[PDB]
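Hydrogens, waters and symmetry mates play no part in the numbers below; they use all other heavy atoms, side chains included. In what follows, chains are A, B, ... by sequence order, proteins preceding strands, each numbered from 1.
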Amino acid sequence: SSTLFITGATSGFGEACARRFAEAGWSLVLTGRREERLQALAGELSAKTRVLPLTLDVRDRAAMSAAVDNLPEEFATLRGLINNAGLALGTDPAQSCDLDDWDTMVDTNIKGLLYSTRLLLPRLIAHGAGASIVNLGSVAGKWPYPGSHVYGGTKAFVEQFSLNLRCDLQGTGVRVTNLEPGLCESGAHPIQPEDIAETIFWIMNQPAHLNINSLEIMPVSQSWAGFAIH
Amino acid sequence: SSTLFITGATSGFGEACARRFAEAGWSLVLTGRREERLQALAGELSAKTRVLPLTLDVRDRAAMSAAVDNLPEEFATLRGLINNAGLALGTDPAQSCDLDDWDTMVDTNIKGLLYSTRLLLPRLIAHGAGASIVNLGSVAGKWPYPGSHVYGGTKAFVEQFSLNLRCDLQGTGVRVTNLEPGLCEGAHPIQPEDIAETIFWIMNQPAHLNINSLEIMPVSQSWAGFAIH
Amino acid sequence: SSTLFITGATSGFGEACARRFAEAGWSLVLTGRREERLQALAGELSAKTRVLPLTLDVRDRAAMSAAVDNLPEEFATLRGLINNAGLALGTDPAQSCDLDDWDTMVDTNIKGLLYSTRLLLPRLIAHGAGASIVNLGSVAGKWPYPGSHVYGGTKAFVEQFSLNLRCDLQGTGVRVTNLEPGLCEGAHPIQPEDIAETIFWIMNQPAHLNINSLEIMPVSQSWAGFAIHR
Amino acid sequence: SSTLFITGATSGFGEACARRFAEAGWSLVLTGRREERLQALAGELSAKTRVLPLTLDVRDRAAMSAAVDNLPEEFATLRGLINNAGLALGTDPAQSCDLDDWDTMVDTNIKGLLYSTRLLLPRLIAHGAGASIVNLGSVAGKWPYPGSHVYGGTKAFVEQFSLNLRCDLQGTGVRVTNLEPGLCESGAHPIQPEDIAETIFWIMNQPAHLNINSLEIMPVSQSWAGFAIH
């Protein structure tokens with residue numbers, strides 16, 4: 001039916017997405033490491049829609065494959081997938097960074113999204129016309145700045161991956177979108193999680209024949225600084 | 001007030017946008033080369049909203065500038081500008097092309113856009129918060145293909161100008177968006193009404209949000225990769 | 001024969017390129033609006049190599065078309081074209097710019113390069129294997145910043161036009177390169193001689209190779225990231 | 001101070017680079033999984049320069065770090081690093097790919113690159129003015145195509161990481177270049193590994209004040225096909 005899988009559903013924009021699509025009565029599968037926060041959200045949203053909470057680390061390939069294999073028949077076809085699970089770690093310039101932080105970002109922001117995408121593609125294919133993948137990219141995937149190193153690289157991966165995935169999805173009906181948000185809260189009036197939630201709702205309800213390849217959104221307060229000279 | 005200026009309002013996605021924003025009751029200035037067709041649309045939409053048809057070619061700096069000065073006072077402030085006037089003049093190999101055609105495209109797709117945006121900018125700035133410029137770019141602005149030459153060049157101009165313009169508009173509230181459509185009308189291509197819907201959504205964005213760019217293809221359209229000769 | 005056409009040979013990186021290719025013994029066609037300055041450079045380099053100075057404005061399609069039609073037989077084939085004529089006219093905010101300035105920039109930076117390329121292309125094609133077009137782009141074609149508006153726009157045109165041109169030139173042997181310099185003449189900025197050297201290397205690439213784009217900045221120059229207005 | 005560390009050295013652009021720099025007499029650290037092929041190459045080049053072959057998988061973080069900390073005092077400063085280790089594992093549609101291959105490409109092309117660059121970065125900074133890092137990206141990092149999926153994402157990661165790195169290295173003198181090759185030999189007259197080696201040599205021998213941000217190079221026989229409509 002209208003079924004949606006959201007990774008990191010207590011992380012970043014995941015909760016706001018969960019709330020927005022619950023308001024619309026989509027069936028939800030919500031992924032989260034924090035079992036207690038996830039489960040409370042599921043319980044709350046359970047009053048307006050069907051929710052299946054899965055306590056799960058997207059880095060964990062085996063657990064993710066087990067979770068997907070064990071999905072109820074309700075989800076034999078999947079309408080939506082939001083790849084939201086991701087994080088930025090550290091402050092240091094690249095040369096004094098902790099490789100532990102770099103591993104975690106790569107495993108989460110890239111491998112996590114690859115696992116959730118590959119494992120769920122057959123169900124997205126099976127839905128067909130109107131199916132939608134929304135990947136959480138970032139302005140950091142395009143525009144370099146100090147300290148961005150791996151986080152930006154990670155988001156640049158996501159951007160190209162989305163475009164590339166569309167080249168493999170011929171005749172399938174499945175859409176793919178890279179949403180690239182700028183400065184969030186989540187007097188500058190930053191993007192709010194509910195703004196991301198509304199935008200993804202709009203993206204996923206696009207007429208079956210249309211694919212938004214990419215959409216870069218910033219607060220109007222945010223623009224580009226140009227170059228630094230040392 | 002909700003006021004909208006549209007270049008090439010008879011030409012591309014211009015009519016669809018005119019119709020779509022009339023439904024929402026925005027007051028419309030519509031420009032076009034084809035006077036009879038421009039006036040028939042204005043006459044038709046005048047039943048739903050205020051419309052001002054302006055017969056002009058966006059390439060003509062003096063005519064555009066005169067027309068802007070002569071706008072009625074309801075437009076002392078301007079909410080939206082859709083820079084939609086633009087054309088492609090074939091996909092011949094560059095080495096065989098006619099420089100007149102290349103002239104027409106530069107003057108229309110770049111200069112026409114520049115004139116409309118600069119002349120109207122102070123009115124958009126006067127409106128402030130909530131104001132939006134939508135430039136019509138194209139997928140041709142970033143993806144090379146045989147025969148793209150000048151059309152694609154002009155659309156990459158539009159893309160970069162859009163982003164650049166935002167760096168100049170700090171503190172004004174004015175928003176700038178580059179909309180980049182792919183294949184339009186078994187492909188189920190993009191319909192003009194889809195672009196009209198998309199622009200309405202961009203222009204109605206909450207004041208604090210700026211959609212920098214939005215690339216849209218029909219789902220049937222993807223990338224072919226590389227050619228080897 | 002090693003024949004080279006250089007637009008704006010007394011502007012920007014143009015003189016440095018004429019000198020560099022002069023010492024390598026290529027025959028030069030050099031354009032410039034200022035006749036005396038152009039002929040002095042032509043006179044001087046005449047001791048090292050054959051030089052044809054043409055006094056013309058690249059915006060002038062008719063002048064440009066007549067000059068190319070009147071090229072001596074030495075130039076029945078063209079090895080190299082450097083599209084170097086171009087200028088900026090401020091970093092004044094867009095809303096307050098002079099449309100005269102903006103007109104001048106697109107006529108020069110865009111149409112000038114268009115007329116150049118189109119009128120000479122049959123001669124470059126007649127040369128065939130090893131022929132080279134080098135367009136002067138800029139970091140401005142890619143990275144947005146305050147007051148860049150039209151100049152960056154023009155340089156983005158140049159970038160896309162370069163790549164696009166390649167798609168029409170199959171079977172011809174002709175190469176096209178977009179060179180994108182940053183800060184030029186503490187900071188140790190790019191020197192005109194650095195550009196001459198890099199264009200020399202580009203035009204002498206083995207015939208089977210095409211450098212699509214090459215972005216060069218002084219090492220003192222990087223990216224500042226975003227600006228937020230409060 | 002003229003030392004070079006090359007990852008994936010035994011057969012690729014890798015071997016070509018080792019051989020090219022050996023002619024110039026740079027002192028070589030060569031990294032490779034294939035011990036015997038690696039040792040034979042070091043033995044051959046020991047006639048021309050100092051070589052140190054290190055048997056290693058760039059994916060293995062503990063081994064890379066143990067290898068780096070165990071380098072002779074000769075490499076207390078490091079002049080150049082070529083991050084060349086990387087692989088594609090086929091062109092099948094994403095929905096039918098094996099996640100093992102995706103792990104392998106992310107671990108090698110991203111993580112491997114990140115380990116060698118973080119671990120050696122303090123040695124590159126110690127050298128300072130004139131030091132160069134050359135990452136091997138690809139046309140795939142920028143241009144989508146069927147079956148590109150993870151490989152292209154991986155190369156988009158490399159490009160953005162390259163540019164981001166420059167923002168962290170202000171004041172050090174260290175240069176970072178993303179090189180983006182197209183169709184290679186591994187009647188189209190494709191890029192030969194010796195061409196890659198030639199271009200990296202030109203990059204690394206650049207005047208100290210200059211940074212080549214990126215250089216995309218295709219065989220002239222290669223261009224863009226545009227769009228597919230299903």
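Judged purely by distance below 3.5 Å, without hydrogens or angles, the side chains of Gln170(A) and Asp168(A) never pair a donor atom with an acceptor atom. Inspection of the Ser11(A) and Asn84(A) side chains reveals no N or O donor paired with an N or O acceptor under 3.5 Å.
For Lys155(A) (side chain) and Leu136(A) (main-chain N/O), a donor-acceptor pair under 3.5 Å exists by modelled atom type. Of the possible donor and acceptor atoms, one in the side chain of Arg175(A) sits under 3.5 Å from a partner among the backbone N and O of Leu210(A). One N or O on the side chain of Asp57(C) and one on the backbone of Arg59(C) form a donor-acceptor pair closer than 3.5 Å.
Taking the charged nitrogens against the carboxylate oxygens, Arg19(A) and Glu44(A) do have a contact shorter than 4.0 Å, which makes a salt bridge.
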With a cut-off of 3.5 Å and sequence neighbours excluded, list every side-chain donor-acceptor pair involving residues 214-230 of chain A.
| unit_1 | atom_1 | unit_2 | atom_2 | d |
| --- | --- | --- | --- | --- |
| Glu216(A) | OE1 | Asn212(B) | ND2 | 2.7 |
| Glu216(A) | OE2 | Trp143(A) | NE1 | 3.0 |
| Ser221(A) | OG | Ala188(A) | O | 2.8 |
| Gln222(A) | OE1 | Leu183(A) | N | 3.0 |

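Of the options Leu41(A), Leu38(A), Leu45(A), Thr10(A), a side-chain contact (heavy atoms from CB on, under 4.5 Å) to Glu15(A) is made by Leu41(A) and by none of the others.
Of residues 97-106 of chain C, not one residue has a non-hydrogen atom less than 4.5 Å from any non-hydrogen atom of chain A. Of all residues spanning residues 182-200 of chain C, those with a heavy atom less than 4.5 Å away from chain A's heavy atoms are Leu183(C), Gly186(C), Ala187(C), arranged by number.
Applying the side chain to side chain contact (heavy atoms under 4.5 Å, CB included) rule to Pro122(C) yields the partners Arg118(C); only residues at least two apart in sequence or on another chain are considered.
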